[PDB]
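**Student:** File model.txt below, compact mmCIF, C-alpha atoms:
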```
# COMPACT_ATOMS: atom_id res chain seq x y z
CA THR F 1 20.15 101.96 15.86
CA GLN F 2 17.88 104.73 15.00
CA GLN F 3 14.69 105.52 13.22
CA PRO F 4 14.31 107.80 10.21
CA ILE F 5 12.56 111.13 10.99
CA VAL F 6 12.52 113.49 7.94
CA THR F 7 12.39 111.29 4.80
CA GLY F 8 12.63 111.45 1.04
CA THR F 9 10.70 109.01 -1.12
CA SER F 10 11.78 107.26 -4.45
CA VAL F 11 14.87 107.86 -6.55
CA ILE F 12 14.46 106.45 -10.09
CA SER F 13 17.02 105.93 -12.80
CA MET F 14 18.01 104.15 -16.01
CA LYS F 15 20.73 104.12 -18.54
CA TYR F 16 20.37 104.98 -22.29
CA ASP F 17 22.79 104.68 -25.28
CA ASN F 18 25.13 107.61 -24.27
CA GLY F 19 24.54 108.21 -20.59
CA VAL F 20 22.21 107.94 -17.62
CA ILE F 21 19.15 109.64 -16.16
CA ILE F 22 18.20 109.98 -12.52
CA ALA F 23 15.31 111.80 -10.85
CA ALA F 24 13.78 112.52 -7.37
CA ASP F 25 10.99 114.72 -6.09
CA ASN F 26 11.56 117.70 -3.81
CA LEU F 27 9.70 116.57 -0.71
CA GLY F 28 10.88 115.98 2.90
CA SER F 29 8.12 114.05 4.70
CA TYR F 30 7.72 113.87 8.46
CA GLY F 31 5.68 110.74 8.86
CA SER F 32 2.39 111.59 7.13
CA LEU F 33 2.91 115.34 7.38
CA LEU F 34 4.22 116.59 3.97
CA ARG F 35 6.55 118.91 5.81
CA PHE F 36 9.27 120.36 3.55
CA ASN F 37 8.97 121.37 -0.11
CA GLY F 38 12.28 122.70 -1.23
CA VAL F 39 14.42 119.63 -0.82
CA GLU F 40 16.99 118.77 -3.45
CA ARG F 41 17.89 115.05 -3.20
CA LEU F 42 20.10 114.92 -6.27
CA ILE F 43 23.73 115.62 -5.41
CA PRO F 44 26.04 116.31 -8.31
CA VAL F 45 29.72 115.61 -7.67
CA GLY F 46 32.05 117.06 -10.27
CA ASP F 47 30.44 117.14 -13.70
CA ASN F 48 30.23 113.43 -14.35
CA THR F 49 28.32 112.11 -11.32
CA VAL F 50 24.99 112.62 -9.60
CA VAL F 51 24.23 110.90 -6.29
CA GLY F 52 20.52 110.52 -5.63
CA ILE F 53 19.48 109.75 -2.04
CA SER F 54 16.23 108.59 -0.32
CA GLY F 55 15.49 107.84 3.29
CA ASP F 56 16.52 109.91 6.30
CA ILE F 57 17.19 113.61 5.25
CA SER F 58 19.46 114.39 8.21
CA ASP F 59 21.58 111.46 7.07
CA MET F 60 21.43 112.69 3.44
CA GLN F 61 22.77 116.06 4.58
CA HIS F 62 25.62 114.22 6.32
CA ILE F 63 26.39 112.34 3.06
CA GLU F 64 26.16 115.61 1.21
CA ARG F 65 28.91 117.07 3.46
CA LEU F 66 31.03 113.90 2.98
CA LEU F 67 30.86 114.36 -0.77
CA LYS F 68 31.95 118.04 -0.60
CA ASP F 69 34.81 116.88 1.54
CA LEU F 70 35.85 114.21 -0.99
CA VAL F 71 36.15 116.90 -3.68
CA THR F 72 38.30 119.13 -1.45
CA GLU F 73 40.51 116.19 -0.50
CA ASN F 74 41.06 114.88 -4.02
CA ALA F 75 42.09 118.30 -5.13
CA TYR F 76 44.92 118.42 -2.52
CA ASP F 77 48.46 118.10 -3.97
CA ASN F 78 46.85 117.03 -7.29
CA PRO F 79 47.70 118.98 -10.40
CA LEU F 80 45.44 116.67 -12.47
CA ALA F 81 42.33 117.30 -10.27
CA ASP F 82 40.18 118.60 -13.15
CA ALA F 83 41.67 116.07 -15.64
CA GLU F 84 42.91 112.39 -15.41
CA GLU F 85 42.73 112.35 -11.60
CA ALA F 86 39.26 113.74 -11.17
CA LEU F 87 36.70 111.78 -9.26
CA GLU F 88 35.14 108.98 -11.20
CA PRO F 89 31.57 107.82 -10.43
CA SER F 90 32.97 104.39 -9.52
CA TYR F 91 35.31 106.02 -6.91
CA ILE F 92 32.42 108.01 -5.44
CA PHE F 93 30.29 104.90 -5.36
CA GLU F 94 32.83 102.57 -3.84
CA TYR F 95 33.50 105.14 -1.13
CA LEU F 96 29.87 105.58 -0.14
CA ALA F 97 29.38 101.78 -0.31
CA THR F 98 32.25 101.40 2.13
CA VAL F 99 30.81 103.95 4.48
CA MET F 100 27.29 102.42 4.35
CA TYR F 101 28.58 98.94 5.14
CA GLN F 102 30.86 100.00 7.98
CA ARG F 103 27.98 101.97 9.46
CA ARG F 104 25.63 98.91 9.46
CA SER F 105 28.44 96.85 10.89
CA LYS F 106 28.69 99.21 13.89
CA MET F 107 24.89 98.82 14.31
CA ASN F 108 24.49 102.49 13.57
CA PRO F 109 23.36 102.86 9.92
CA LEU F 110 22.92 105.85 7.57
CA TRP F 111 19.20 105.33 6.99
CA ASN F 112 19.30 105.70 3.21
CA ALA F 113 18.91 104.14 -0.19
CA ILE F 114 21.36 105.71 -2.62
CA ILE F 115 21.80 105.51 -6.44
CA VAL F 116 25.02 106.75 -7.96
CA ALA F 117 24.52 107.74 -11.61
CA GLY F 118 27.28 108.83 -13.97
CA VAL F 119 29.62 108.47 -16.95
CA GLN F 120 33.13 107.08 -16.54
CA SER F 121 36.17 108.68 -18.18
CA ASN F 122 36.14 106.10 -21.03
CA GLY F 123 32.47 106.96 -21.71
CA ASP F 124 30.95 103.87 -19.99
CA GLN F 125 27.62 104.48 -18.20
CA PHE F 126 27.70 103.94 -14.39
CA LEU F 127 24.65 102.94 -12.42
CA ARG F 128 24.84 101.32 -8.98
CA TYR F 129 22.68 101.13 -5.82
CA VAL F 130 23.69 101.00 -2.15
CA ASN F 131 21.41 101.10 0.93
CA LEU F 132 21.52 101.21 4.73
CA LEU F 133 22.49 97.51 4.91
CA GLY F 134 25.43 97.98 2.55
CA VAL F 135 23.69 95.92 -0.13
CA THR F 136 24.81 96.81 -3.69
CA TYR F 137 23.60 95.97 -7.20
CA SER F 138 23.54 97.18 -10.81
CA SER F 139 20.80 96.87 -13.40
CA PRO F 140 19.89 98.85 -16.56
CA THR F 141 17.18 100.46 -14.41
CA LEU F 142 17.39 101.17 -10.69
CA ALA F 143 14.82 102.72 -8.37
CA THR F 144 14.47 103.02 -4.55
CA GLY F 145 11.62 102.34 -2.14
CA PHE F 146 8.33 102.95 -3.84
CA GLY F 147 9.86 103.37 -7.28
CA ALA F 148 11.15 99.81 -7.29
CA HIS F 149 7.55 98.68 -7.32
CA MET F 150 6.07 101.09 -9.85
CA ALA F 151 8.87 102.72 -11.82
CA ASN F 152 11.01 99.64 -12.53
CA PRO F 153 8.23 97.81 -14.34
CA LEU F 154 7.62 100.83 -16.62
CA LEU F 155 11.33 101.52 -17.19
CA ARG F 156 12.05 97.86 -17.83
CA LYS F 157 9.54 97.91 -20.76
CA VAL F 158 12.00 100.38 -22.40
CA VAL F 159 15.34 98.83 -21.31
CA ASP F 160 14.79 95.18 -20.41
CA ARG F 161 18.28 93.76 -20.88
CA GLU F 162 21.78 95.05 -21.73
CA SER F 163 21.23 94.83 -25.52
CA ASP F 164 18.37 97.40 -25.17
CA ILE F 165 20.79 100.09 -24.00
CA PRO F 166 22.36 101.06 -27.41
CA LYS F 167 18.77 101.21 -28.81
CA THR F 168 17.60 103.95 -26.42
CA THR F 169 17.76 107.65 -27.01
CA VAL F 170 17.83 110.43 -24.47
CA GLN F 171 14.32 111.48 -25.69
CA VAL F 172 12.88 108.01 -25.18
CA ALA F 173 14.65 107.66 -21.81
CA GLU F 174 13.66 111.06 -20.39
CA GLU F 175 10.11 110.45 -21.48
CA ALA F 176 10.06 107.11 -19.68
CA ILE F 177 11.43 108.76 -16.52
CA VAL F 178 9.00 111.71 -16.65
CA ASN F 179 6.06 109.36 -17.05
CA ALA F 180 7.26 107.27 -14.08
CA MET F 181 7.30 110.37 -11.85
CA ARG F 182 3.66 111.06 -12.79
CA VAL F 183 2.67 107.47 -11.93
CA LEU F 184 4.45 107.72 -8.59
CA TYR F 185 2.57 111.01 -7.90
CA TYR F 186 -0.68 109.25 -8.58
CA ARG F 187 -0.07 106.34 -6.16
CA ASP F 188 2.62 107.22 -3.55
CA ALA F 189 1.12 109.15 -0.64
CA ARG F 190 4.58 110.40 0.32
CA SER F 191 5.35 112.05 -3.04
CA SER F 192 5.43 115.57 -4.38
CA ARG F 193 4.51 117.03 -7.79
CA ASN F 194 7.76 118.98 -7.93
CA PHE F 195 10.93 117.14 -8.88
CA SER F 196 14.46 117.46 -10.23
CA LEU F 197 15.96 115.38 -13.02
CA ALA F 198 19.52 115.05 -14.20
CA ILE F 199 21.21 113.67 -17.28
CA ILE F 200 24.83 112.70 -17.45
CA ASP F 201 25.79 112.32 -21.09
CA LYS F 202 29.18 111.40 -22.56
CA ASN F 203 28.75 114.08 -25.24
CA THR F 204 26.48 116.77 -23.74
CA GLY F 205 28.02 116.50 -20.18
CA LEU F 206 25.74 117.02 -17.16
CA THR F 207 22.31 118.61 -17.46
CA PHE F 208 20.64 119.35 -14.15
CA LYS F 209 16.90 120.17 -14.43
CA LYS F 210 15.28 121.83 -11.35
CA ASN F 211 11.60 122.75 -10.63
CA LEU F 212 9.95 120.21 -12.89
CA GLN F 213 6.24 119.43 -12.43
CA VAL F 214 4.13 116.43 -13.17
CA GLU F 215 1.99 117.64 -16.07
CA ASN F 216 -0.78 116.07 -18.17
CA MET F 217 -2.70 114.27 -15.45
CA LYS F 218 -5.87 112.27 -16.06
CA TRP F 219 -8.46 113.18 -13.35
CA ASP F 220 -11.55 113.79 -15.48
CA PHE F 221 -13.09 110.30 -15.02
CA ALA F 222 -13.35 111.11 -11.28
CA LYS F 223 -16.63 112.97 -12.01
CA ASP F 224 -18.38 109.77 -13.12
CA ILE F 225 -17.56 107.84 -9.97
CA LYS F 226 -20.11 108.06 -7.21
CA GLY F 227 -20.84 105.89 -4.16
CA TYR F 228 -19.09 102.61 -3.41
CA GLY F 229 -21.55 100.09 -5.00
CA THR F 230 -25.32 100.77 -5.15
CA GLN F 231 -25.55 104.59 -4.85
CA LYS F 232 -26.83 106.28 -8.04
CA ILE F 233 -26.23 109.99 -7.48
CA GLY G 1 78.03 128.50 31.46
CA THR G 2 76.86 127.38 27.97
CA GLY G 3 74.88 124.57 26.36
CA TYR G 4 71.77 126.77 26.08
CA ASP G 5 71.60 125.94 22.43
CA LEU G 6 71.48 122.14 22.81
CA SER G 7 67.86 121.74 23.75
CA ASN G 8 64.61 123.14 22.37
CA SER G 9 62.52 124.87 25.03
CA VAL G 10 65.54 126.42 26.89
CA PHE G 11 65.88 130.16 27.46
CA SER G 12 69.44 131.50 27.08
CA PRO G 13 70.59 134.10 29.62
CA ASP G 14 69.61 136.90 27.19
CA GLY G 15 66.12 135.41 26.77
CA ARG G 16 66.45 133.75 23.34
CA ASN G 17 65.59 130.27 22.16
CA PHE G 18 68.71 129.25 20.17
CA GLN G 19 67.22 126.17 18.52
CA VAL G 20 64.57 128.36 16.94
CA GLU G 21 67.31 130.68 15.74
CA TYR G 22 69.04 127.66 14.17
CA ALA G 23 65.81 126.63 12.50
CA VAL G 24 65.84 130.10 10.92
CA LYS G 25 69.27 129.26 9.41
CA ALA G 26 67.73 126.23 7.68
CA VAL G 27 65.10 128.60 6.21
CA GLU G 28 67.62 131.18 4.98
CA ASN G 29 69.43 128.37 3.28
CA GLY G 30 66.31 127.52 1.28
CA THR G 31 64.86 128.56 -2.07
CA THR G 32 63.35 132.00 -2.39
CA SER G 33 59.60 132.47 -2.35
CA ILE G 34 57.20 135.40 -2.20
CA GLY G 35 53.63 136.51 -1.92
CA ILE G 36 52.09 139.73 -3.16
CA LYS G 37 48.77 141.04 -1.97
CA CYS G 38 46.70 142.69 -4.66
CA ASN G 39 43.49 144.82 -4.58
CA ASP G 40 41.13 141.80 -4.63
CA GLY G 41 43.38 138.74 -3.97
CA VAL G 42 46.89 137.32 -3.47
CA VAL G 43 49.67 135.89 -5.63
CA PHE G 44 52.31 133.39 -4.55
CA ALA G 45 55.49 132.51 -6.40
CA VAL G 46 58.52 130.32 -5.72
CA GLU G 47 61.96 129.54 -7.16
CA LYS G 48 62.49 125.88 -8.13
CA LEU G 49 66.17 125.01 -8.62
CA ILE G 50 66.78 122.51 -11.40
CA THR G 51 69.52 120.24 -10.06
CA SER G 52 69.58 118.39 -13.43
CA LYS G 53 67.88 117.95 -16.84
CA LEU G 54 66.51 114.76 -15.26
CA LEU G 55 63.77 116.50 -13.25
CA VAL G 56 60.45 116.36 -15.15
CA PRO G 57 59.53 120.05 -15.63
CA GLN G 58 56.20 121.44 -14.30
CA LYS G 59 56.03 118.25 -12.22
CA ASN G 60 57.50 118.70 -8.74
CA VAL G 61 54.88 121.25 -7.61
CA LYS G 62 55.81 123.22 -4.48
CA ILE G 63 52.81 125.51 -3.75
CA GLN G 64 49.99 123.88 -1.79
CA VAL G 65 46.27 124.51 -1.48
CA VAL G 66 44.44 124.38 1.84
CA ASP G 67 40.68 124.01 1.65
CA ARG G 68 39.48 125.61 -1.57
CA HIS G 69 40.54 129.21 -1.06
CA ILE G 70 43.94 129.21 0.65
CA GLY G 71 47.40 128.94 -0.90
CA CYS G 72 50.64 128.17 0.91
CA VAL G 73 54.26 128.38 -0.09
CA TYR G 74 57.40 127.86 2.04
CA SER G 75 61.22 127.97 1.96
CA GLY G 76 63.40 125.66 3.94
CA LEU G 77 63.03 122.05 4.88
CA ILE G 78 60.30 120.98 2.44
CA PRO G 79 59.02 118.00 4.34
CA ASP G 80 58.44 120.33 7.35
CA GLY G 81 56.34 122.59 5.11
CA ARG G 82 54.23 119.58 4.03
CA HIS G 83 53.61 118.53 7.70
CA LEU G 84 52.53 122.09 8.42
CA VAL G 85 50.16 122.10 5.42
CA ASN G 86 48.68 118.72 6.49
CA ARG G 87 47.90 120.19 9.84
CA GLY G 88 46.46 123.27 8.13
CA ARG G 89 44.18 121.01 6.15
CA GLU G 90 42.87 119.15 9.29
CA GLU G 91 42.55 122.42 10.98
CA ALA G 92 40.44 123.96 8.19
CA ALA G 93 38.24 120.81 7.82
CA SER G 94 37.51 120.92 11.52
CA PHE G 95 36.43 124.64 11.29
CA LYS G 96 34.23 124.05 8.24
CA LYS G 97 32.74 120.93 9.91
CA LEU G 98 31.60 122.81 12.97
CA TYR G 99 30.89 126.31 11.64
CA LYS G 100 29.80 125.47 8.06
CA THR G 101 31.57 128.49 6.57
CA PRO G 102 35.14 127.97 5.17
CA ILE G 103 37.87 129.21 7.58
CA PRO G 104 38.64 132.97 7.52
CA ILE G 105 42.27 133.72 6.69
CA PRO G 106 43.21 135.44 9.97
CA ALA G 107 41.58 132.52 11.86
CA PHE G 108 43.55 130.14 9.69
CA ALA G 109 46.76 132.08 10.28
CA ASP G 110 46.40 131.69 13.99
CA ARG G 111 45.74 128.00 13.76
CA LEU G 112 49.08 127.53 12.05
CA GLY G 113 50.73 129.96 14.46
CA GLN G 114 49.58 128.17 17.59
CA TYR G 115 50.79 124.82 16.18
CA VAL G 116 54.18 126.18 15.22
CA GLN G 117 54.60 127.90 18.61
CA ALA G 118 53.63 124.61 20.27
CA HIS G 119 56.84 123.19 18.78
CA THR G 120 59.03 125.57 20.72
CA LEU G 121 57.41 124.68 24.08
CA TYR G 122 59.16 121.28 24.69
CA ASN G 123 62.54 119.60 24.18
CA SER G 124 60.95 116.48 22.80
CA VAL G 125 60.20 118.24 19.57
CA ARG G 126 62.29 120.21 17.15
CA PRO G 127 61.04 123.55 15.80
CA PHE G 128 59.84 123.93 12.21
CA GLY G 129 62.50 124.46 9.53
CA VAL G 130 60.32 126.69 7.34
CA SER G 131 58.86 130.15 6.95
CA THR G 132 55.47 129.89 5.28
CA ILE G 133 53.78 132.53 3.18
CA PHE G 134 50.09 131.87 2.79
CA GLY G 135 46.81 133.71 2.23
CA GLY G 136 43.46 133.83 0.47
CA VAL G 137 40.10 135.58 0.04
CA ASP G 138 37.40 135.39 2.61
CA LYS G 139 34.12 137.07 3.61
CA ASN G 140 35.90 140.41 4.02
```
Spell out the structure here as structure tokens.
**Tutor:**
Amino acid sequence: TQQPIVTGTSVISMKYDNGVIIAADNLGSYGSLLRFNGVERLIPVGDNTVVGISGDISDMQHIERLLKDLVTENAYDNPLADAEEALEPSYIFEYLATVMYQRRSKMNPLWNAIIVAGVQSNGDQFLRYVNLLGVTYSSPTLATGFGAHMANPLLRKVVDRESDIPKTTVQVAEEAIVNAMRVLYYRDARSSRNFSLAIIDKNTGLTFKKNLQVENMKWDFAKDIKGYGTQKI
Amino acid sequence: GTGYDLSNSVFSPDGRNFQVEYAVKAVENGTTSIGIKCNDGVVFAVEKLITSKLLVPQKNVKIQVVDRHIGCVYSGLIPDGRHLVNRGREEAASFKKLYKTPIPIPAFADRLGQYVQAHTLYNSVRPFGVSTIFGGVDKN
């Protein structure tokens, strides 16, 4: 039993027709102090999986090191490491899920919400969530913490049930994601403007975008707002 | 008297450990294997006897990787070599866990050395039936 100290806010994600998108800002908060600005919370494993983590950063760094170790270990006595016996997203997920559940069961949790995003070897899109309780679920969109409140409703407008997935292009999807990050930057006091985004595509492979910025913000109307009721000037 | 050769940690009157010497016979009896240091790396090769057409070629791999940067090859009792490589893997994980950097090759050498020597200290264990050639690239 613990309490989170350095934390990362939302991780948001959806699937489109050929793959999956996942994004998270670059902030490590310390309570209300916006402490650390260079924090990558998307962890690519192999070239078909990205693990995006929110919650306690020291725990994230632990999970990071676990994932490096899984790669090392799977490569041992394995001549098909970079082929048929590479790590699938489902393997990476089921492992983490196991860890997270055993850790809650020992009353000593990894204080995180995790989304594993990737493309399986038969091309199928993979998108699953696991948190500090060991709870798991899939949905065409998945977001953690704050994002579940504000990103999901936007992303669900685009993909709202399974049948919407083949209708959705990487352009439409990435746009939806980028817009959601801007909304979160407007309304989440624990968010940063800088963020990373990654696409895992069954044709294009893995694209990892770093140093993105929320652009195209509406603030102009702020000039017309004065007082809190009766004040005129 | 004699019987110096019947038990592992026992010094003979001339100061030798005969069981270790017998382990060396098991090695000599094995397949031939080599390593060649080059100007920026290392190369390992081994002979793989084909006992019959029945052995899937390319398939029974003998060289083993430790961590990401170390290769090992051995001649003798093969299962012994595996055991030694397993330990080498734990040993390198441990080092990386605590020190962050992947294990330097001389450091790694010694880890294997200390473990192998350990198995000539007691009569409740047999010595290793392999010689191992291994190496890699590190910080220097």
**Student:** So how many Å separate CA of residue 54 (chain G) and CA of residue 66 (chain G), to one decimal?
**Tutor:** 29.5 Å
**Student:** For a test of reading the model, state the distance in Å between CA of residue 72 (chain G) and CA of residue 22 (chain G), rounded to one decimal.
**Tutor:**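 Value for the CA of residue 72 (chain G)-CA of residue 22 (chain G) distance: 22.7 Å.
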**Student:** May I have a table of the residues of region 40-118 of chain G lying at most 10 Å from region 52-75 of chain F, giving each one's closest pair of atoms and their distance in Å to one decimal, counting all atoms listed in the file, ordered by chain and ascending residue number, as CSV?
**Tutor:**
```
residue,atom,partner,partner_atom,distance
G:65,CA,F:75,CA,8.3
G:66,CA,F:72,CA,8.7
G:67,CA,F:72,CA,6.3
G:68,CA,F:72,CA,6.6
G:89,CA,F:73,CA,9.0
G:93,CA,F:69,CA,8.2
G:96,CA,F:69,CA,9.8
G:97,CA,F:65,CA,8.4
G:100,CA,F:65,CA,9.6
```
**Student:** Could you jot down the CA of residue 32 (chain F) to CA of residue 108 (chain F) separation for me, Å, one decimal place?
**Tutor:**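 About the pair CA of residue 32 (chain F) and CA of residue 108 (chain F): they are 24.8 Å apart.
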**Student:** Around all the atoms of region 92-105 of chain F listed in the file, draw an axis-aligned box and extend it by 5 Å on each of the six sides; I want its centre and edge lengths in Å to one decimal, as lines of an AutoDock Vina configuration file.
**Tutor:**
```
center_x = 29.6
center_y = 102.4
center_z = 2.7
size_x = 17.9
size_y = 21.2
size_z = 26.3
```
**Student:** Hey, what's within 9 Å of residue 122 (chain G) if we count all atoms listed in the file and toss same-chain stuff fewer than 2 positions away? As an MDAnalysis selection string, please?
**Tutor:** chainID G and resid 7:10 118:120 124:126
**Student:** From the list G:88, G:104, G:136, G:129, which residue is nearest chain F when using only C-alpha atoms?
**Tutor:**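 Looking at the shortest contact to chain F, the residue is G:88.
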**Student:** Return the single residue from F:79, F:51, F:34, F:8 that is closest to chain G, with distances computed using all atoms listed in the file.
**Tutor:**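 With all atoms listed in the file as the atom set, the closest residue is F:79.
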**Student:** Which residue is closest to chain F? Choose from G:76, G:102, G:15, G:135 and count only C-alpha atoms.
**Tutor:**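 Result for the nearest residue to chain F: G:102.
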**Student:** Quick one: residues within 12 Å of region 175-184 of chain F, all atoms listed in the file counted, chain neighbours fewer than 5 positions away excluded, as a VMD selection string?
**Tutor:** chain F and resid 9 to 16 20 to 26 141 to 159 168 to 170 189 to 199 209 212 to 218
**Student:** Check the smallest atom-to-atom distance from each of F:76, F:165, F:207, F:96 to chain G using only C-alpha atoms, then report the winner.
**Tutor:**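 Checking each candidate against chain G, we get F:76 as the closest.
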**Student:** Which of these, F:131, F:211, F:102, F:78, has the shortest distance to chain G once you count all atoms listed in the file?
**Tutor:**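 Of F:131, F:211, F:102, F:78, the one nearest chain G is F:78, counting all atoms listed in the file.
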**Student:** As a ChimeraX atom specification, please: the residues near residue 46 (chain G) (cut-off 10 Å, all atoms listed in the file, same-chain neighbours under 6 positions excluded).
**Tutor:** /G:31-35,61-63,73-75
**Student:** Please write as a VMD selection string the list of polymer residues whose atoms come within 12 Å of (40.0, 115.2, -13.9), counting all atoms listed in the file and keeping to the coordinates of the file.
**Tutor:** chain F and resid 46 to 48 71 74 to 75 78 to 89 120 to 121
**Student:** Leaving out residue 103 (chain G) and any residue of its chain fewer than 6 positions from it, which residues lie within 8 Å of it when counting only C-alpha atoms, given as number ranges by chain?
**Tutor:** G: 92, 95-96, 138
**Student:** Counting only C-alpha atoms, what is within 9 Å of residue 202 (chain F), bar same-chain residues fewer than 2 positions away, as a PyMOL selection string?
**Tutor:** chain F and resi 18-19+48+119-125+200+204-206
